[PDB]
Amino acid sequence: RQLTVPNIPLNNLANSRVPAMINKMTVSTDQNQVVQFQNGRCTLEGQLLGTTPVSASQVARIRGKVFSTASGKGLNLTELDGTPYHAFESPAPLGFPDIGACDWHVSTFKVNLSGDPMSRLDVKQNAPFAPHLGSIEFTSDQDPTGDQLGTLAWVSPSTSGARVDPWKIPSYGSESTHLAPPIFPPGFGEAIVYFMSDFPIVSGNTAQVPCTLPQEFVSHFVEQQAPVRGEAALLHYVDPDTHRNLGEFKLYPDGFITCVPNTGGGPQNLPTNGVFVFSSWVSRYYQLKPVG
């Protein structure tokens, strides 16, 4: 099988961290910044890593059964289809959100509905946040019971003076959590390409969430199950009307994309209607032409 990437323009691609559409590419202000996102992670051969699910509609979702303690309430987590979550070789159930170090606000419904079926579960990333072992605590102004299924609606700071940094991941343990490994900028002047989406972040530097692979790229790799035939895949980002090559990018086997950004610029200066196309297999050391 021959490796391809989706024939879909950037703006029709979904974020792999939050339920939203991609609106631009960028590079990090610190081009040496290392990330360890647990969603949007998939090898070129189609191996899912971390908590990464297959579908865009599994991204940043939570399902579980409500339980009561002396102190309050929690969810005993299940997979999103309701099957049992077993602590094995994943940080959390598939699709579980990976926006670290902040409060989450998750809108859920009970899976004969009457009145208002929604509950907003407010979740702190403090001590009883133990998704790896299979439970989290929440508070809610509503009264959720039983089998609740929902989606991350918005995020806010853990404490009043603080901010939300969407570039961080949670601490899944309460303990080895089987995390997808860190991603380093791989040298040769290359910077990791991040795909950004608008998302309601309260007290963030911006209201945007980065990811390292568009969700449709993930499912494409899973479907295709293609053999890696080189150290990197050279891609062109192409204008779909003129077929002009707008810039060179490298797609690495571990499942992320790089470019060489022009000083003070980068892929954030490119049109957002282009399509990535596989060009050829290249050596790890292939030197890219600068973009932006």
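Each residue number is its position in the shown sequence, starting from 1. Here, rigid core means the biggest group of C-alpha atoms that superpose within 1.5 Å across both forms.
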Higher-deviation stretch (C-alpha RMS, rigid core fit) in 5 other deposited structures of this protein, choosing from 237-245 and 43-51: 237-245
Between stretches 182-190 and 141-149, more displaced by Cα RMS in 5 other deposited structures of this protein (rigid core superposition): 182-190
Coordinates absent for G115 in a third or more of other entries: no
At least a third of the other entries leave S174 unmodelled: yes
Between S174 and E175 - deposited residues without coordinates, as a size class: 1 to 3
Extent of unmodelled deposited sequence, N112 relative to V111: 1 to 3
Mean C-alpha B-factor comparison - 3-11 and 283-291, higher one: 283-291
Entry-level comparison of average CA B-factors, 235-243 and 36-44, reporting the higher stretch: 235-243
Highest recorded Cα temperature factor - choice among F199, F129, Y85, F217: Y85
From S135, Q208, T151, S156, residue of greatest CA B-factor: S135
Chain thirds of CA B-factor: placement of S28: middle
Chain-wide C-alpha B factor ranking for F249, given as lowest, middle or highest third: lowest
Third of chain Cα B-factors occupied by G274: lowest
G72 - Cα temperature factor, lowest/middle/highest third of chain: highest
CA B-factor ranking of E89, expressed as a third of its chain: highest
